[PDB]
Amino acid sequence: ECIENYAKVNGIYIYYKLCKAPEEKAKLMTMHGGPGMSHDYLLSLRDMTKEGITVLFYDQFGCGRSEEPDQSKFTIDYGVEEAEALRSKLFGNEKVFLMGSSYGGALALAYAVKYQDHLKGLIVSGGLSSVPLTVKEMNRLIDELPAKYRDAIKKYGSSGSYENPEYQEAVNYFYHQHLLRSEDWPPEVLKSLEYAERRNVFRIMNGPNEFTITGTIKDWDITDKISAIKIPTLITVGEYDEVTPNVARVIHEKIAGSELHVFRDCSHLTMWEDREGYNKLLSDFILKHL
């Protein structure tokens, strides 16, 4: 079982879940995506605890069970500071491994740029160093979908009719192809999705859905800053990932000595599409960089 708490970080109450031991060899901090989702969908990473890896989960500001700060604090930079405050006021000055999924991947990159000295390694899964680039790629994926859904996305999406059933049907299709390739989605994932729709972070920072970014991160791009990361880095991405391997390649290029692994037959939530394989990869990476 894990230890759950609702502690006050640098100003706001953040919910976190720490699953540690037995035979702890390293600590791994995780950053969920969205922005505006929850740690819930990363619970599958809990398996690594049996490999000597302590896993820390937490709901970022305004996410899941955590309280929402002032609107002005809805930025990646604030998220980074929040992450460091949590790491310190919990692990002291210990060097920890950092993993981020999608937006959490971007968030993990921003963190590394400033606090890599507190890290022993970095893991970016379905992450991105450029939203504009990510958008370009997803736009290609849209055009590749069957006209039936592609047209619906361009039609209703252009008129702001996200409530339309045809549009929603097209959105769902895209998800079952580039978000999670499964007909039986795990409760953990559905819960994070529910949290994204219930809170305000996703709507404000991101937009209506995964491929419609009108939020405050639409122009975020730190590709020219990530080459500064010199710590061991593991970059993963799915073959049919909504944040395509081309975006992952861009990250891979900048971080010298970084590793890039493309999961075949998988998309964005590779932690569930290939749980054993995904956990094994990260576990080996972590254990080989102690």
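Each residue number is its position in the shown sequence, starting from 1.
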Notebook entry, point to check: What stretch has the higher average Cα B-factor here, 189 to 197 or 105 to 113?
Noted result: 189 to 197
Check: Is the mean CA B factor in the deposited entry higher across 215 to 223 or across 146 to 154?
Finding: 146 to 154
Next item on the list: Compare the CA B factors listed in the entry for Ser129, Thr75, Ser161, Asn206 and report the winner.
Entry: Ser161
Notebook entry, point to check: Looking at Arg65, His252, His39, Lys50, which has the highest CA B-factor as recorded?
Noted result: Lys50
Check: Would the CA B-factor of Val9 place it in the lowest, middle or highest third of its chain?
Finding: highest
Check: Looking at the C-alpha B-factor of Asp59, is it in the lowest, middle or highest third of its chain?
Finding: lowest
Next item on the list: Could you look up the Cα B-factor of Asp265 in the entry and say which third of the chain it sits in: lowest, middle or highest?
Entry: middle
Note to self: Ranking every modelled residue in this chain by its Cα temperature factor as given in the entry, which third contains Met29?
What the structure shows: lowest
Next item on the list: Among all modelled residues of this chain, ranked by Cα B factor, put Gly79 in the bottom, middle or top third, i.e. lowest, middle or highest.
Entry: lowest
